[PDB]
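A.B. asks: Just dropping this structure here.
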Amino acid sequence: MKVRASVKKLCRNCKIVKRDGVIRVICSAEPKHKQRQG
Amino acid sequence: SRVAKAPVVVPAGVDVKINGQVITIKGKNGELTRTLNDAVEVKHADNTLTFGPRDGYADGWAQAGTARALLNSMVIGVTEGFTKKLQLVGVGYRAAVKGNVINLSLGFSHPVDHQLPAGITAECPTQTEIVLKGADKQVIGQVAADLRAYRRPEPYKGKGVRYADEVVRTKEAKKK
Amino acid sequence: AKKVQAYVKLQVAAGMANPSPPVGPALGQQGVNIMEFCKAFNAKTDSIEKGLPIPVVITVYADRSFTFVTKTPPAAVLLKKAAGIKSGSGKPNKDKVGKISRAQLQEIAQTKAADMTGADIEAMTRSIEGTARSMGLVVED
Amino acid sequence: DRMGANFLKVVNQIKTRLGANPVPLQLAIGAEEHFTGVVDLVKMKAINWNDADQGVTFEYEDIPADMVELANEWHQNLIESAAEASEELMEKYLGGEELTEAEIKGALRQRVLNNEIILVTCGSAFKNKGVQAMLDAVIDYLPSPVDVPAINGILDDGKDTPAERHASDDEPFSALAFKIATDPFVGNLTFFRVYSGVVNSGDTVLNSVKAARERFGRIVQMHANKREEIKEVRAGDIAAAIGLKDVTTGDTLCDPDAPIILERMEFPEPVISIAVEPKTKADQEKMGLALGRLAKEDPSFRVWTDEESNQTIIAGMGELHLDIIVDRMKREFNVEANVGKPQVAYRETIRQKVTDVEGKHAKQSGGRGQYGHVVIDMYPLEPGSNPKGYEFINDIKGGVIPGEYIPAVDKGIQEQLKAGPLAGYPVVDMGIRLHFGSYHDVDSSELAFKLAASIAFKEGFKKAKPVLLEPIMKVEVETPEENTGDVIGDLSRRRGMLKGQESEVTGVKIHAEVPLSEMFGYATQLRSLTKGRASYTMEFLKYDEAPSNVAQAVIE
RNA sequence: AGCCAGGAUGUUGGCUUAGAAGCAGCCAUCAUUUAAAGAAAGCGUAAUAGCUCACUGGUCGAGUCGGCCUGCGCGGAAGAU
């Protein structure tokens with residue numbers, strides 16, 4: 001999980017759910033599109 | 001809501017034991033009980049079960065919205081069951097069932113034979129296909145996902161242990 | 001006719017026996033002997049002077065079967081068969097070269113009227129005027 | 001003795017991929033780790049092997065009880081394999097005459113002279129499980145030099161009369177020349193095999209296909225490694241036909257007044273070409289002669305030597321060999337090589353065009369300050385038909401520079417036209433026009449305008465992005481499956497100018513036009529695309545370019 | 001929002017045609033049928049076969065959706081007996 005202050009909804013099918021409070025964004029086929037902070 | 005427009009119809013062959021918050025479902029081949037939270041108002045009204053969110057816990061529409069989906073699965077799981085098949089794609093990798101134990105030909109210097117708990121009648125038609133049978137929807141995944149986590153799908157060959165319906169995304173080397 | 005299994009209309013000039021690589025896949029969909037589609041159409045291909053893309057459609061069936069529908073060549077390539085060059089659309093509304101009147105357009109529409117139930121005479125007339133303006137062609141009668 | 005090693009799968013995989021008809025004989029006993037028996041099915045006997053010894057036992061027993069039915073259903077397919085081999089066993093498969101161990105092989109041995117069935121055997125080499133079993137089939141399923149059609153010397157050119165000669169000692173002598181290795185003792189060596197006839201020690205053995213006379217020295221046999229002098233060579237031994245003056249691939253080793261062969265079929269083509277370069281200049285004196293004893297060994301090792309740059313451009317069919325012949329040079333031939341790139345025509349062209357570059361000349365060389373501020377205009381690389389690579393359009397403003405000082409400016413430009421601001425890449429075929437030539441009297445000489453013109457030409461290239469005029473090869477590639485779509489996409493990374501995708505009965509041949517400058521490690525790259533499954537041709541057709549843009553910063 | 005569900009079909013959409021064949025990119029950017037379809041968004045990809053968005057054409061049978069303004073909250077937030 002890459003970390004950066006900006007979670008920008010980037011991939012076309014990008015889920016966003018708030019697990020534990022810190023946002024981590026869920027793609028389907030792209031592992032590269034998953035950030036975690038912010 | 002959609003969940004409030006979703007009542008569940010218990011059929012004949014599965015008995016409920018409504019001691020208020022604790023419901024123990026006497027079914028076909030097991031006992032699928034869940035001790036829910038106090039954000040629910042349960043009533044097996046006539047035959048079709050009706051539920052309700054308790055006051056104070058107005059977020060119990062979520063907490064019983066779990067429950068409406070829950071008990072529907074329980075009355076159909078204790079009778080019919082889940083076929084949970086896994087596909088072993090590994091070079092020299094086999095699967096064979098004995099009693100309640102599964103072998104794991106997993107490319108190690110030592111064998112891995114793990115015993116599997118109750119609510120499991122496992123089978124193996126061949127070395128690469130493995131049945132799992134169960135009554136709870138949780139236990140039919142939890143014992144399945146532990147095997148898959150021992151050898152995850154490798155996205156350079158397609159190697160690994162993977163589900164029947166799961167479709168991996170294998171890549172290409174592209175350098176050498 | 002059929003449904004979500006397969007329906008693509010793709011065939012180009014039938015002087016070439018071997019399936020051209022991009023056409024290949026529409027024959028590479030439901031397991032054909034590619035010699036069969038070469039031997040089906042050549043009994044009627046000897047009634048033409050080759051050079052224009054003639055279209056066929058493919059449509060499939062359960063076991064190993066298939067079927068196909070023969071029509072006439074479309075008027076879009078018939079616009080640029082008489083005009084000499086096969087590709088004229090470089091600038092649509094800035095080129096004024098080349099005239100054919102409506103009388104040529106209806107006699108290449110009777111061969112559509114004797115073949116197909118859509119692509120009717122009077123409705124296609126503005127689109128056979130519409131494929132003229134995109135190519136940069138003029139029309140007068 | 002490995003996981004995933006199913007014997008019955010692989011022999012019944014040949015009937016699907018290779019399309020052959022294998023009927024196996026020696027089957028399997030054991031779950032690959034407690035494996036102890038190999039099931040010979042003719043005699044119906046399992047063989048015990050060594051506990052772990054390198055070779056004690058051969059203990060034959062019956063079929064074990066754990067495989068009493070798989071031996072039943074597979075022996076009945078063994079005894080099928082003679083009823084459809086010979087027509088005479090057809091009526092005793094059905095009549096029920098006994099199909100013994102000795103009777104069935106008399107039909108199946110004649111099924112090896114046509115080769116429709118191959119005979120398969122499972123076992124371990126390293127675990128000493130099967131090796132002692134595998135030898136008895138060789139004398140009964142592999143053919144002998146006296147059971148085969150023997151030496152068949154045709155004629156020369158008169159008439160096609162193929163003559164089966166005798167496999168015994170009662171014929172004129174005959175052999176063939178192959179595996180012709182080398183040594184620092186005698187020079188050339190051979191690994192030759194005589195088919196029939198006997199030779200004595202010392203003979204005028206010729207090579208009758210290429211008209212040369214040789215004499216037969218001291219013949220030596222090996223344990224594949226050790227020198228053992230074989231004096232009297234009997235019919236069928238394999239030895240070293242030593243002392244051949246010249247010898248090629250597969251010519252005869254035969255006394256005159258005898259039958260004569262003339263046969264060389266399938267001369268290969270070593271494809272991948274790398275250019276070896278010496279370390280010292282004393283090395284090229286001994287690396288120019290490296291081709292002597294090395295290329296004499298084998299035709300899978302060629303040297304496509306250039307006509308101008310005089311470097312040694314080797315050619316192999318695999319870089320895996322072009323590994324080894326450098327390592328063959330290393331410790332015994334004692335060569336230090338610097339393996340680099342082949343000679344590709346690298347004629348620097350020009351992308352951009354400089355406007356005006358003035359050669360700054362100011363020096364009191366001959367007494368007074370010999371000046372020479374001459375300026376040239378970078379003209380486009382002269383295209384079309386231009387035999388002269390130097391096209392100096394000397395445009396003197398009003399014929400101001402005298403004829404005596406015309407060679408001066410000419411020399412300067414010519415010197416840098418043959419040179420290159422990158423790695424000495426000739427900027428040849430590039431037409432160059434003189435803008436203005438400053439002329440003087442006591443300040444006018446040769447260096448005056450020569451030195452100036454030299455710098456001026458180089459200055460221009462720095463702001464003219466000289467690219468690379470390059471040769472383009474007609475490259476074909478033959479790949480069977482639908483794995484060429486990854487290839488031609490990866491070929492599109494390399495300016496392979498596509499022609500068309502065509503097919504054969506088993507192969508999908510792709511036609512393309514690839515820059516010879518973009519060859520580099522082409523062989524090793526397709527060998528990781530095609531997995532080595534490729535067999536194709538290499539020719540030449542056009543001539544194009546390859547991106548450089550080095551003048552920007554790389555070029556000083 | 002999901003299961004059935006056609007992805008109605010003129011066309012090869014040029015150019016330059018080697019494939020730039022709706023899926024590389026610049027100019028057009030009409031539509032034969034309009035109760036469902038654009039000379040077009042990605043993946044499959046040299047091109048396409050596979051899978052969708054397009055209208056949800058038929059079922060559920062009620063609410064639902066994208067942004068503007070504020071009350072507060074979370075992440076951003078790592079230091080040295």
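Start at 1 and count along the chain as shown; that gives each residue its number.
Per the header of the entry, the method used was electron microscopy, 3.9 Å.
Positions of Cβ are set from backbone N, Cα and C atoms, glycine also.
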A.B. asks: Which residue, chosen from C:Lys9, C:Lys39, is annotated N6,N6,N6-trimethyllysine in Swiss-Prot?
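C.D. replies: So the answer, going by Swiss-Prot, is C:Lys39.
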A.B. asks: Which of the listed positions, C:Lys71, C:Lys81, C:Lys112, does Swiss-Prot note as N6-succinyllysine?
C.D. replies: C:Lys71
A.B. asks: Could you tell me which of these modified residues, C:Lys3, C:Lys39, C:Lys71, has the greatest number of Cβ atoms within 10 Å of its own Cβ?
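C.D. replies: Buried the deepest by this measure is C:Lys71.
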A.B. asks: Out of the modified residues C:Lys39, C:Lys71, C:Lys80, give me the one sitting nearest to C:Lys3 (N6,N6,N6-trimethyllysine) by CA distance.
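C.D. replies: Smallest Cα separation from C:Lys3 (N6,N6,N6-trimethyllysine) among C:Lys39, C:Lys71, C:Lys80: C:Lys71.
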A.B. asks: In whole Å, how far does the CA atom of C:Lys71 (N6-succinyllysine) lie from that of C:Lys39 (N6,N6,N6-trimethyllysine)?
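C.D. replies: About 17 Å separate the Cα atoms of these two residues.
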A.B. asks: Rounded to a whole angstrom, what is the C-alpha distance between C:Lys80 (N6-succinyllysine) and C:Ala1 (N,N,N-trimethylalanine)?
C.D. replies: 31
A.B. asks: Can you see whether DSSP assigns C:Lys3 (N6,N6,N6-trimethyllysine) to helix, strand or coil?
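C.D. replies: Coil, per DSSP.
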A.B. asks: How long is the line from the C-alpha of C:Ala1 (N,N,N-trimethylalanine) to the C-alpha of C:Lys39 (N6,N6,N6-trimethyllysine), rounded to the nearest angstrom?
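C.D. replies: Given the Cα positions, C:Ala1 (N,N,N-trimethylalanine) is 24 Å from C:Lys39 (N6,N6,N6-trimethyllysine).
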A.B. asks: Note down the number of other Cβ atoms within 10 Å of the Cβ of C:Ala1 (N,N,N-trimethylalanine), including every protein chain shown.
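C.D. replies: That number is 7.
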A.B. asks: Taking the Cβ of C:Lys80 (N6-succinyllysine) as the centre, how many other Cβ atoms fall within a 10 Å radius?
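C.D. replies: Its Cβ has 18 other Cβ atoms within 10 Å.
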